[PDB]
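> Experimental coordinates follow, after the sequence.
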Amino acid sequence: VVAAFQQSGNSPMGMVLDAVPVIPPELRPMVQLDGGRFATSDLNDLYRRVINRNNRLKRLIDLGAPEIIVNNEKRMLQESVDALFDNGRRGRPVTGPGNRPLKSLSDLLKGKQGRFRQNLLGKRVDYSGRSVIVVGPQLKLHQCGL
Amino acid sequence: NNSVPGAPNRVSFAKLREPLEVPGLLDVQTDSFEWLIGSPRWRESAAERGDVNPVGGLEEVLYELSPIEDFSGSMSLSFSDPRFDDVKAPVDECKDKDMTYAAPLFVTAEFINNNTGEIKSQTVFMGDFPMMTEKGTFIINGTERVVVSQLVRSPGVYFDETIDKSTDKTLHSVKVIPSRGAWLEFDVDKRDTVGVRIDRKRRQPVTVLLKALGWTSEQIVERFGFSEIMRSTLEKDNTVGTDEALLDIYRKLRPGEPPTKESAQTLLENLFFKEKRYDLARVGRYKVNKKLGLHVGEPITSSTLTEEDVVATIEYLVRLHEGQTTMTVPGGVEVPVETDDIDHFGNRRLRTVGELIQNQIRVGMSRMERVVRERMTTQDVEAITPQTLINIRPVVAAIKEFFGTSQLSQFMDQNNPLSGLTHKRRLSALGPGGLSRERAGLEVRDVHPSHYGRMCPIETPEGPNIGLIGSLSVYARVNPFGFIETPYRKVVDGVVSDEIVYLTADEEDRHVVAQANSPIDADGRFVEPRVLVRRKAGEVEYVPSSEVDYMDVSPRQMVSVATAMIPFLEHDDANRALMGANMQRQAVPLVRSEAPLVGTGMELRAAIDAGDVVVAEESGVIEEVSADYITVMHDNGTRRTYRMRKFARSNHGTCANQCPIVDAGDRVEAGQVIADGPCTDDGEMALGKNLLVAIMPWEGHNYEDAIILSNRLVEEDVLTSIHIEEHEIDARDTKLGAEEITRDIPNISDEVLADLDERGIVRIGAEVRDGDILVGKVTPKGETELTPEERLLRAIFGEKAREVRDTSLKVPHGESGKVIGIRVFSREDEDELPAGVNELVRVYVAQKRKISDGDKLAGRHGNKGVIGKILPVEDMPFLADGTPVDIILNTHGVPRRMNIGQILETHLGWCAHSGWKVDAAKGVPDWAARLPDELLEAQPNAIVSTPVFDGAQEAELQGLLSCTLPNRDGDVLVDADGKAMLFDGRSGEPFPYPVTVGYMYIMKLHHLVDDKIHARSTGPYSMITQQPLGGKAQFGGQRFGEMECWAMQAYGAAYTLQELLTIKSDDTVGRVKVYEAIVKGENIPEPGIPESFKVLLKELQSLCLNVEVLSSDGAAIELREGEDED
Amino acid sequence: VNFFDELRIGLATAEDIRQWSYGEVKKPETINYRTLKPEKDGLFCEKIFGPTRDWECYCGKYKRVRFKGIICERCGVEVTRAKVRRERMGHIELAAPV
Amino acid sequence: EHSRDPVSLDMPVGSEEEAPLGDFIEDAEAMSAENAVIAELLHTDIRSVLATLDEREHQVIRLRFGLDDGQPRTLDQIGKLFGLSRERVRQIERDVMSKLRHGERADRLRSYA
Amino acid sequence: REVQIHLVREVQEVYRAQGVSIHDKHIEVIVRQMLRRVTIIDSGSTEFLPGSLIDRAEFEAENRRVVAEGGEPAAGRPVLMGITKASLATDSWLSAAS
Ligand SMILES: [Zn+2]
């Protein structure tokens, strides 16, 4: 590991973050499906927890709360970032309304339903169609009846 | 002997008299529910079965729960005596109005007030309980739902054992499985550290737990002095002492807690003696008592495990490990010592509708009593009344969830009456509380010698759910505990007896079971000295006729309902019969139904019990009959009218009709069939037609399982079917305004709106096609941005703003046909619509589908096929009398598949159609000695029956084929071998050799071509992935998986693969450019970068992983790019 | 064109994350409950990620494509293609390293 | 309706090949190529047609409506700005609509309706 | 060579016994990719750590070149892998992700 970093293409400072990025809204859309019911991807929920807890800490550190308060808040912030990048990696995963674990940021790449596995499954092409087949003996070897 | 009066007398080849009539086929479903609600009929039936104090389902769930305390004993609540009320509305009303067939449930709760002493009791509404219609289907939310029985491991003790490989020493392990609680695996190891593993915790020697139970060292030694391994383990244990033992148990079970003696005792009692935390149902207690022979005489009580059972278990384990064959626990009778198998149907119980609902009610009551306990311990005590205590939200929520989401509450498939009947008889194995697909090892999907008479081995889904789904046999019955019984008739002394006794798997092993086909003298004496028998464990071997103890009832005992109506099933293979059974449930009802010429006796009973046909309740004379209703005048002077539905859409689309068969002024006896539902003729199931089959390869048009059909079937509506589609749209109030269905739509010609009525919904009888407007719906867009130029145009013409959009219901692509009927639910008239909607109209459009290329046909023997060609009538080969064969089947698929039964069916079909006259002047020919005396002469178009496993023999068919009556011209067409000389339809010269001909019963499966046709030049795309998809507006693309990608790579086709993935699937700018290039003459441009990759890159960067697409010179390429076309 | 000789994946230093971002997300709000429009400087802010509808500006002063590639003073939302909403990113600047 | 808690897109729907509900959502919008051409044609056509009309009337349309600065001026308000009366605006609009429906103006603007 | 004979003979025996037939080169194209790796004991003058599997292309030629300059040769002997390990060792991270 030390040699791996010794090549020094990237410093070890990357292991600790000072600013997390947010994916564009389209990849986590907020659509209003037919019926007046709003639908959102779990990424929005996880980001809200991170942003809200961070803002509270910014307010709380300015106020001047005792040491225990700030320490607890930073613990909440670290936990929220932990859940964002991987939910269920540690501890009991954050659950949804039906006790369903939220699909964290790394859950888009892992498992059967991930970007890499989905690429294996194949992409749904256009200009196509399917139908039943029936033997036709009046065709030549290089023909097919549509 | 026809039980139903108005039966069509079909002479049958049966040679063995059946002593027991088929039981009510759907009683598996109805009896369970009758037990649940404590109906009077169930209690009356339980009186005969031999139960002194039977208790209903609800009467048990809310009786055991009561009384509920308040942790102090100063307040207690008890409820009992549950009673129902008359259903709110009949089934038909709840089906038309999209209501839920239910009845309100009232229970009598009483509050005691231990401190003061005064009591208060009154009835408490508990909710509208979904009741079960007479046919065993729940009408939930307007859709007939059927809950399939479930197979689950029986709670009890299973003395499992395993053999070590490295040591070659036997390791036994008993595994107590309760209904709810902990596991007590007493496994023995090669180390001899026989130990407990409570909750799969770290193994601890059993001596520790036994001492923690308080057993003294002297008592243990004296009792177990006959077990060497027990003594060695006792002398090898390290921890000793009851207080030390329980503390160790407390630490092991809940480590990190204060190790106090009182705490350990609470855990011990809470784990073994608490009647709520640890519990096994009455069935579990019965199994444990029978296995260990403890309290055998005592009736089932005190469900919770008792310590005397645990010590008996440890004695059983050690005694088995010694090798003893029998053991006797003191205070109980002796029982055999042997290993046990789960798959054995003695250990797999059946939880019918009553059990499933009861558990859901139990969970609901468990939640309710939690709330009432909290309220009781917190609410005021002076003026507390049960109404304010009892809550009904959790119970109603629980029951609704079960019928709305549970995997065991499935949409009753109503393809035909047989499909409905078989669905009720299903025995699902997967689902909540049962083994999943992945966890289901291959060992459980196999057949077991205990399935004989309890669960059909032939019928089961061919897909992945193979072996996890079965079906009750014809005669199978479910005992109150849940074990599936099966009738047998005992033999007192080598002589068969009339009276029967129902035996379960456990009682079968001890006794000896004969076989039905074994010959028996008229007086019951066994003619043979030895008879084939089924011994304890799947072993069959001859035995002396005196040793036999039980005999089957009929040879058809092992086959399900679907499999029981495949003639000559005794000649097919298991694979084909399995496909034959699973395709009779896919047939589609035709316009006009014809009873099969050759079919088993199960045809009639299956139709009567399926509920499709209406059967007269009491004898009477029909005063007036009409196409809509028939009224029967009873003998008591009371009138009754049988309203029968016409052209009503089933669940799966096929239509349902009930055309009366009786005539005015005709006497009808009670129980007779009055009208024929779908797939029925004169009251006997008829899923298809009779077609004159010729078995020969014809010009390759029937190559490799394809089929060739005469044009007679298309033009004479032989195989024409009706299908009903339902389209529905609703008007909901939006933020901008209220949506309204109206005849006026923006900028549409009057011709497109010609067929719309005044209300704005197409008028009945209007022929629609793919795209026409069914419902004129306009939605408001008033509070929407308006372009400055656009509202200027509005003012210029004075044109109405007309912001309202037009989301008007339209026929999805591929649908057509008349509009049989429309229903409109309006909140203005208080029709109980869902919250947020005002107008809800559903339009039914009916299309009459004929048979064309691509449709699937199939016989009863699993001989599938697809209509390769439909030749004109003159092209079909015709018999010497000008009759053209109506279908042709390839002969290369008959012997290889090994379903010779269909050939036999064809032969007997022709003999039944032509009619025969056995030569009787010189006496009965030797081959006809066994034929019933009334089967020696049959008229043309006669109907015959060959019951499964007992029917026409090979000698009999050969005899009949040589005795068929001549044609009206005076010539016999088919020769003695069943072959006939056909004339070629095209060439016109006779085929060189004779060919087989006869009538085979051909159904019409529901895998029609019209459903399976898709095409997509361009259509709607997704939102997150930007890939093709469309809901019948454009059919949607076809997946191009990885395996197809490998094929393209193997060819070396690099350009074609790039197009299939980049230009026409994801590359958005590519898709637009290519469609503009194709429409014009320009060459298709070069593809771009797939949207899938860019999404992957922009989502890999979000995890704080710097990803760069380097180029030559090690310089990053800025993937972001923007160019404005035009 | 389509020359991507190799592909490198490396740890993203905090400086890199700021470079990618087109702005900072500072509020947890997602969308207004009446106008159904992304809220200012929120998790869907049009200023940071991009305009919602093609060649709109969040104010109306630049609803026409005649003004393109122009950032508006009233709102600061670049008037450009709507699909740019699928590629632009923002960052949450934490007050305590994680 | 406000009390409703929004559904999650990641929830599988009907166990349809473990496909999240978000997969089936139809974009069915953002046809930038179509929007640009229509916007260019219609806006340019109306501007040119208004230019062919009386220039003061072109200003009236801009102010009466707000083609440039929004704020559609009412009959009285625009009369105040131009010094005219509230009743003159109706006739002015009547003249504009009549002119717009004759000549090459109709040939250009017959579409877009 | 002998292990190559064994693997081809064993696989081909399985298929022929079952009825089907496929030409050998379709199997040799696999065992080639299965067998192109050399295990090492001691580095001595090679940067890569001992016990690390290195393919002939990288090992044999580079080690010979290092011998030319003066570095002591590393000891390597043929090793055989599986169709899984052979891919994992040399596949790129894109491919190995799935
Ligand atoms: Zn602006």
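Structure's in. What do you need? Numbering: from 1, shown residues only, chains lettered A, B, ... in the order given.
> Near the ion, which residues of chain B? Just list them.
Neighbours of the ion within chain B, by C-beta under 5 Å from the ion: none found. Using the backbone N, CA and C atoms, a C-beta is placed for each residue, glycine as well.
> Excluding chain neighbours, what is closest to the residue of the stretch 601-750 of chain B found nearest chain D?
Chain D sits closest to residue B:747 of the stretch 601-750 of chain B, with a gap of 7.6 Å, by C-beta to the nearest C-beta. If the residues on either side of it in the chain are set aside, residue B:747 comes closest to residue D:113, at 7.6 Å by C-beta to C-beta, 6 or more residues apart in numbering or on different chains.
> contacting residues for the one you found?
Contacts for residue D:113 (C-beta atoms under 8 Å, 6 or more residues apart in numbering or on different chains) come out as B:747, B:793, B:799.
> Count residues in the vicinity of the first one, would you?
As a burial measure, residue B:747 scores 7 neighbours (other C-beta atoms under 10 Å in any protein chain shown).
> Got the phi and psi for it?
The phi/psi pair for residue B:747 (degrees, to the nearest 10) reads phi 50, psi 60.
> Next one: residue B:510 relative to chain E, how far apart?
Distance of residue B:510 to chain E, computed by C-beta to the nearest C-beta, to the nearest Å: 46 Å.
> cool, and residue B:126?
As judged by C-beta to the nearest C-beta, residue B:126 and chain E stand 55 Å apart.
> try residue B:48
Separation of residue B:48 from chain E (C-beta to the nearest C-beta): 60 Å.
> related to what we said a few turns ago, make a markdown table out of the contacts of residue D:113 and add distance to residue E:77.
Converted to a markdown table, these look like this (distance: C-beta to C-beta, whole Å):
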| residue | distance to residue E:77 |
| --- | --- |
| B:747 | 83 |
| B:793 | 86 |
| B:799 | 90 |
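> Assign the residue lying closest to residue A:33 once chain neighbours are set aside to helix, strand or coil.
Spatial nearest neighbour of residue A:33, chain neighbours left out: residue A:39 (5.1 Å); criterion: C-beta to C-beta, 6+ apart. Three-state call for residue A:39 (DSSP: H, G, I helix; E, B strand; the rest coil): strand.
> what pairs with residue A:39 across the strands?
Legend: beta-bridge partners of residue A:39 under DSSP bridges are residue A:31, residue D:7.
> residue contacts, it?
The contact partners of residue A:39, by C-beta under 8 Å, 6+ apart, come to A:30, A:31, A:32, A:33, D:6, D:7, D:8, D:9, D:21, D:22, D:25.
> on that earlier part again, tell me the one of the contacts of residue D:113 nearest chain E?
Nearest to chain E among those, with distances taken as C-beta to the nearest C-beta, is residue B:747, at 50.8 Å.
> Next one: the residue nearest to residue B:747 from the ion, what distance?
Computed with C-beta to the ion, to the nearest Å, the distance linking residue D:113 and the ion is 30 Å.
> In which helix or strand does that residue reside?
In the assignment (DSSP states H and E), residue D:113 maps to no helix and no strand.
> Quick check: phi and psi on residue D:55?
The phi/psi pair for residue D:55 (degrees, to the nearest 10) reads phi -60, psi -40.
> of all of chain A, which residue lies closest to chain E?
residue A:116 (4.2 Å).
> and that residue, helix, strand or coil?
Assigned state for residue A:116: helix (three-state reduction, three-state DSSP).
> count of residues packed around it?
Neighbours of residue A:116 (other C-beta under 10 Å): 16.
> for it, what are its contacts?
Counting by C-beta under 8 Å, 6+ apart, residue A:116 touches A:109, E:97, E:98.
> List just the nearest of these to residue C:40.
Relative to residue C:40, the closest of the contacts of residue A:116 is residue A:109; by C-beta to C-beta it sits at 32.3 Å.
> which residue packs closest to the closest one, ignoring adjacent ones?
Nearest residue to residue A:109, sequence neighbours excluded (C-beta to C-beta, 6+ apart): residue A:115, at 5.2 Å.
> cool, residue B:1085 as well?
Using C-beta to C-beta, 6+ apart, the closest residue to residue B:1085 is residue B:1073 (5.0 Å).
> what about that neighbour, distance to chain C?
Residue B:1073 is 15 Å from chain C, by C-beta to the nearest C-beta.
> Where does that residue sit: helix, strand or coil?
When classified by three-state DSSP, residue B:1073 comes out as helix.
> Which is the succeeding secondary structure element to the longest helix anywhere in chain D?
With DSSP state H setting the assignment, residue counts place helix D:32-52 as the longest helix in chain D. Where DSSP H and E defines the elements, the next helix or strand beyond helix D:32-52 is helix D:55-65.
> Identify each buried residue in the helix or strand that that following helix is followed by, please.
Later in the chain than helix D:55-65, the nearest helix or strand by DSSP H and E is helix D:75-82. Neighbour-count burial for helix D:75-82 flags D:75, D:78, D:79, D:82 (criterion: 16 or more other C-beta atoms under 10 Å in any protein chain shown).
> Near chain D, which residues of chain C are found?
Residues of chain C found near chain D (C-beta under 8 Å from any C-beta of the partner chain) are C:33, C:54, C:55, C:60, C:64, C:65, C:66, C:81, C:82, C:83.
> Report how many residues lie close to the second one.
If I follow you right, that is residue C:54. Per other C-beta under 10 Å, the neighbour tally for residue C:54 reads 22.
> quick one: the strands in chain E?
Assigned by DSSP state E, chain E shows strands spanning E:37-40, E:76-79.
> among those, which is nearest the ion?
Nearest to the ion among the strands of chain E is strand E:37-40; the distance by C-beta to the ion comes to 63.0 Å.
> what sits against the residue nearest the centre of chain A?
Centroid-nearest residue in chain A: residue A:105, 2.5 Å away (criterion: C-alpha atoms, centre = their mean). Counting by C-beta under 8 Å, 6+ apart, residue A:105 touches A:23, A:43, A:46, A:84, A:85, A:86, B:1099, B:1102, B:1103.
> State the distance from residue B:675 to chain C.
From residue B:675 across to chain C, the span is 56 Å (C-beta to the nearest C-beta).
> element containing that residue?
Here residue B:675 is assigned to strand B:673-676, by DSSP H and E.
> List the neighbours of the very next helix or strand once past that strand that are in contact with it.
Sequence order places strand B:680-681 as the next helix or strand after strand B:673-676, per DSSP H and E. Strand B:680-681 is contacted from outside by B:417, B:593, B:594, B:595, B:607, B:612, B:613, B:686, using C-beta under 8 Å, 6+ apart.
> Kindly state the beta-bridge partners for residue B:615.
Bridge pairing for residue B:615 - DSSP bridges - gives residue B:673.
> Enumerate every residue touching it.
Contacts for residue B:615 (C-beta under 8 Å, 6+ apart) come out as B:608, B:671, B:672, B:673, B:674.
> Chain C contacts on chain E?
So chain E meets chain C at E:93, E:94 (C-beta under 8 Å from any C-beta).
> residue ranges for the helices of chain E, please.
Secondary structure of chain E (DSSP H): helices at E:2-17, E:25-35, E:56-69, E:85-90, E:93-97.
> cool, chain C as well?
For chain C, helices defined by DSSP H occupy the ranges C:14-20.
> what does chain A give?
Assigned by DSSP H, the helices in chain A fall at A:2-6, A:42-63, A:67-85, A:115-121.
> most packed of those helices?
Among these, the stretch with the highest mean neighbour count (mean count of other C-beta atoms under 10 Å in any protein chain shown) is helix A:42-63, at a mean of 18.
> Next, the angle from that helix to helix A:67-85.
160 degrees (axes from the mean of the first three to the mean of the last three C-alpha atoms, to 10 degrees).
> Which other helices and strands does helix A:42-63 contact?
Judged by 3 or more C-beta pairs under 8 Å, 6 or more residues apart in numbering or on different chains; DSSP states H and E, helix A:42-63 is in contact with helix A:67-85, strand C:90-93.
> Compile those into JSON lines and extend it with columns for distance to chain B.
Listed next are these as JSON lines, based on distance: least, C-beta to the nearest C-beta, whole Å:
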{"stretch": "helix A:67-85", "distance to chain B": "6"}
{"stretch": "strand C:90-93", "distance to chain B": "10"}
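> That concludes my questions; thank you for your assistance.
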